[PDB]
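Novice: can you look at this? It's an experimental structure, sequence on top.
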Amino acid sequence: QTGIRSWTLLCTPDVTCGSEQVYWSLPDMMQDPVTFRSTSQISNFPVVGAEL
Amino acid sequence: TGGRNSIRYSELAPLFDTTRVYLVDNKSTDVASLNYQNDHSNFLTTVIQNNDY
Amino acid sequence: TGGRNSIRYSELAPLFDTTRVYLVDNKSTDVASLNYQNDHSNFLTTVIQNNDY
(Lines give C-alpha, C1' and ligand atoms only; values in the text may rest on other atoms or scores of the structure.)
Protein backbone atom coordinates (compact mmCIF):
# COMPACT_ATOMS: atom_id res chain seq x y z
CA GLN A 1 0.00 0.00 0.00
CA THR A 2 3.05 2.31 0.17
CA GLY A 3 5.87 0.75 -1.79
CA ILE A 4 6.43 0.95 -5.48
CA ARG A 5 3.84 -1.85 -5.77
CA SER A 6 1.48 1.10 -5.38
CA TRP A 7 2.23 3.56 -8.23
CA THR A 8 3.80 1.04 -10.58
CA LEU A 9 2.80 -2.17 -12.33
CA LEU A 10 4.70 -5.40 -12.94
CA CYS A 11 4.16 -6.91 -16.35
CA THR A 12 5.40 -8.82 -19.36
CA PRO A 13 8.42 -7.48 -21.32
CA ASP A 14 7.59 -7.26 -25.06
CA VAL A 15 10.67 -6.46 -27.05
CA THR A 16 8.79 -4.38 -29.64
CA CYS A 17 8.52 -1.77 -26.87
CA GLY A 18 4.88 -1.15 -27.63
CA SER A 19 2.45 -2.00 -30.35
CA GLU A 20 2.03 1.36 -32.10
CA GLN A 21 -0.25 1.97 -35.04
CA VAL A 22 -0.06 3.79 -38.33
CA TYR A 23 -2.53 5.80 -40.36
CA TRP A 24 -3.17 5.59 -44.09
CA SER A 25 -4.28 8.62 -46.06
CA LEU A 26 -5.25 8.89 -49.72
CA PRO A 27 -6.06 12.64 -49.83
CA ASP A 28 -6.25 12.84 -53.57
CA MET A 29 -8.68 9.93 -54.01
CA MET A 30 -11.05 9.58 -51.08
CA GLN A 31 -13.50 11.76 -49.31
CA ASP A 32 -12.30 13.14 -46.04
CA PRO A 33 -13.93 11.23 -43.13
CA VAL A 34 -16.41 12.95 -40.87
CA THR A 35 -14.67 15.59 -38.87
CA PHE A 36 -11.42 15.75 -40.77
CA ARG A 37 -10.49 19.05 -42.27
CA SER A 38 -9.13 18.99 -45.80
CA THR A 39 -5.56 20.28 -46.16
CA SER A 40 -2.16 20.05 -47.83
CA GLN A 41 0.03 19.77 -44.76
CA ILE A 42 1.35 16.22 -45.09
CA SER A 43 1.40 15.87 -41.33
CA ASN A 44 -2.38 16.44 -41.08
CA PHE A 45 -3.98 14.75 -44.07
CA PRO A 46 -7.28 12.99 -43.54
CA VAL A 47 -7.09 9.39 -42.36
CA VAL A 48 -8.92 6.57 -44.01
CA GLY A 49 -7.52 3.59 -42.22
CA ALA A 50 -5.66 2.70 -39.09
CA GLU A 51 -3.59 -0.38 -38.51
CA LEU A 52 -0.99 -1.76 -36.16
CA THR B 1 -31.10 6.05 -48.50
CA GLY B 2 -32.14 9.09 -50.64
CA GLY B 3 -32.49 11.96 -48.13
CA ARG B 4 -31.65 9.73 -45.16
CA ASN B 5 -27.83 9.65 -45.61
CA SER B 6 -26.37 12.99 -44.70
CA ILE B 7 -23.73 12.66 -41.99
CA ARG B 8 -23.17 16.20 -40.81
CA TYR B 9 -20.68 18.12 -38.73
CA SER B 10 -20.38 21.85 -37.87
CA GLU B 11 -20.00 23.77 -41.15
CA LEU B 12 -17.40 21.26 -42.45
CA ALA B 13 -19.89 20.15 -45.17
CA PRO B 14 -22.16 17.12 -45.96
CA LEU B 15 -20.58 13.71 -46.07
CA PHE B 16 -22.79 10.96 -47.56
CA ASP B 17 -23.25 7.32 -46.51
CA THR B 18 -20.82 5.38 -44.31
CA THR B 19 -17.64 7.15 -43.16
CA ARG B 20 -15.33 6.62 -40.18
CA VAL B 21 -15.06 7.86 -36.63
CA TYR B 22 -11.99 6.95 -34.58
CA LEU B 23 -11.68 5.94 -30.94
CA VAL B 24 -8.01 6.33 -29.95
CA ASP B 25 -6.10 6.72 -26.68
CA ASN B 26 -2.61 7.74 -27.79
CA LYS B 27 -4.05 11.04 -29.11
CA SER B 28 -1.69 13.65 -27.62
CA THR B 29 -3.93 16.65 -26.98
CA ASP B 30 -6.42 14.37 -25.16
CA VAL B 31 -4.10 12.71 -22.67
CA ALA B 32 -2.78 15.87 -21.09
CA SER B 33 -6.28 17.32 -20.70
CA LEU B 34 -8.83 14.57 -20.11
CA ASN B 35 -7.76 11.10 -19.07
CA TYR B 36 -4.84 12.16 -16.88
CA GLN B 37 -6.05 10.15 -13.91
CA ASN B 38 -7.32 7.26 -16.05
CA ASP B 39 -5.72 4.26 -17.71
CA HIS B 40 -5.87 2.41 -20.99
CA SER B 41 -8.76 0.27 -19.85
CA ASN B 42 -11.06 3.20 -19.21
CA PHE B 43 -10.38 6.52 -20.91
CA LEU B 44 -11.86 9.45 -22.74
CA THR B 45 -11.25 10.35 -26.34
CA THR B 46 -12.14 13.27 -28.45
CA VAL B 47 -13.71 11.73 -31.56
CA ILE B 48 -13.66 15.11 -33.33
CA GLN B 49 -10.43 14.94 -35.30
CA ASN B 50 -10.45 18.65 -36.17
CA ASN B 51 -7.14 20.36 -35.65
CA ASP B 52 -8.65 23.75 -34.73
CA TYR B 53 -10.64 23.15 -31.58
CA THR C 1 -32.80 30.75 -54.87
CA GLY C 2 -34.09 27.27 -53.82
CA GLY C 3 -31.58 24.81 -55.34
CA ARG C 4 -29.56 27.57 -56.98
CA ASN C 5 -27.60 28.73 -53.89
CA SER C 6 -25.05 26.14 -52.95
CA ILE C 7 -21.55 27.62 -52.84
CA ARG C 8 -19.27 24.61 -52.72
CA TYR C 9 -15.66 23.83 -52.00
CA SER C 10 -13.72 20.52 -51.84
CA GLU C 11 -15.33 18.37 -49.13
CA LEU C 12 -15.47 21.33 -46.69
CA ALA C 13 -19.32 21.26 -46.88
CA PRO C 14 -22.18 23.33 -48.44
CA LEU C 15 -22.33 27.01 -47.68
CA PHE C 16 -25.60 28.74 -48.70
CA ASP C 17 -26.19 32.18 -50.23
CA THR C 18 -23.69 35.04 -50.16
CA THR C 19 -20.38 34.48 -48.33
CA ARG C 20 -16.94 36.09 -48.67
CA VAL C 21 -13.79 35.49 -50.65
CA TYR C 22 -10.70 37.56 -49.86
CA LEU C 23 -8.13 39.11 -52.18
CA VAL C 24 -5.06 39.97 -50.07
CA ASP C 25 -1.38 40.64 -50.78
CA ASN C 26 0.22 40.57 -47.33
CA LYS C 27 -0.63 36.84 -47.07
CA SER C 28 2.68 35.29 -45.95
CA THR C 29 2.70 31.88 -47.62
CA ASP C 30 1.84 33.54 -50.97
CA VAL C 31 4.59 36.14 -51.13
CA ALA C 32 7.50 33.77 -50.77
CA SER C 33 6.11 31.41 -53.41
CA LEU C 34 4.18 33.33 -56.06
CA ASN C 35 4.54 37.06 -56.44
CA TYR C 36 8.24 37.24 -55.59
CA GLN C 37 9.09 39.19 -58.71
CA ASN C 38 5.89 41.24 -58.63
CA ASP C 39 4.73 44.32 -56.76
CA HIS C 40 1.66 45.56 -54.96
CA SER C 41 0.11 46.88 -58.14
CA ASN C 42 0.07 43.51 -59.86
CA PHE C 43 0.23 40.34 -57.78
CA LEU C 44 -1.14 36.88 -57.26
CA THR C 45 -3.15 35.72 -54.31
CA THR C 46 -4.37 32.39 -53.17
CA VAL C 47 -8.08 32.95 -52.48
CA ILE C 48 -8.33 29.53 -50.81
CA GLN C 49 -7.88 30.38 -47.15
CA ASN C 50 -7.41 26.76 -46.07
CA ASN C 51 -4.52 26.21 -43.75
CA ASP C 52 -3.74 22.69 -45.00
CA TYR C 53 -2.80 23.09 -48.63
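Specialist: Received it, and whenever you're ready, just let me know what you need. Residues are numbered from 1 along each chain as shown, chains lettered A, B, ... in the order given.
Novice: quick one, what contacts the residue nearest to the spatial centre of chain B?
Specialist: A centroid search over chain B (Cα atoms, centre = their mean) returns residue B:47, at 1.4 Å, as the residue closest to the centre. By Cβ atoms under 8 Å, 6 or more residues apart in numbering or on different chains, the residues touching residue B:47 are A:35, B:21, B:22, B:23. In this view, the C-beta of every residue, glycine as well, is placed from N, C-alpha and C.
Novice: now it: which helix or strand?
Specialist: Mapping residue B:47 onto the secondary structure by DSSP states H and E places it in no helix or strand at all.
Novice: just give the number of residues close to the nearest residue to residue B:8 once chain neighbours are set aside.
Specialist: Taking Cβ to Cβ, 6 or more residues apart in numbering or on different chains, and ignoring the residues beside it in sequence, residue B:8 has residue B:14 as its nearest neighbour in space, at 6.1 Å. Neighbouring residues of residue B:14 were enumerated by other Cβ atoms under 10 Å in any protein chain shown; the total is 13.
Novice: now do residue A:8
Specialist: Around residue A:8 there are 8 other residues, counting by other Cβ under 10 Å.
Novice: how far away is it from chain C?
Specialist: When distance is defined by Cβ to the nearest Cβ, to the nearest Å, residue A:8 is 41 Å away from chain C.
Novice: got it, and residue B:25?
Specialist: Relative to chain C, residue B:25 is positioned 25 Å away (criterion: Cβ to the nearest Cβ).
Novice: also residue B:53?
Specialist: Distance, residue B:53 to chain C, using Cβ to the nearest Cβ: 13 Å.
Novice: residue A:43 too?
Specialist: Note on residue A:43: its distance to chain C, by Cβ to the nearest Cβ, is 10 Å.
Novice: doesn't that residue belong to a helix?
Specialist: Yes: assignment of residue A:43 by DSSP: H, G, I helix; E, B strand; the rest coil places it within a helix.
Novice: next one: residue A:22 from chain B, what distance?
Specialist: Residue A:22 sits 12 Å away from chain B, going by Cβ to the nearest Cβ.
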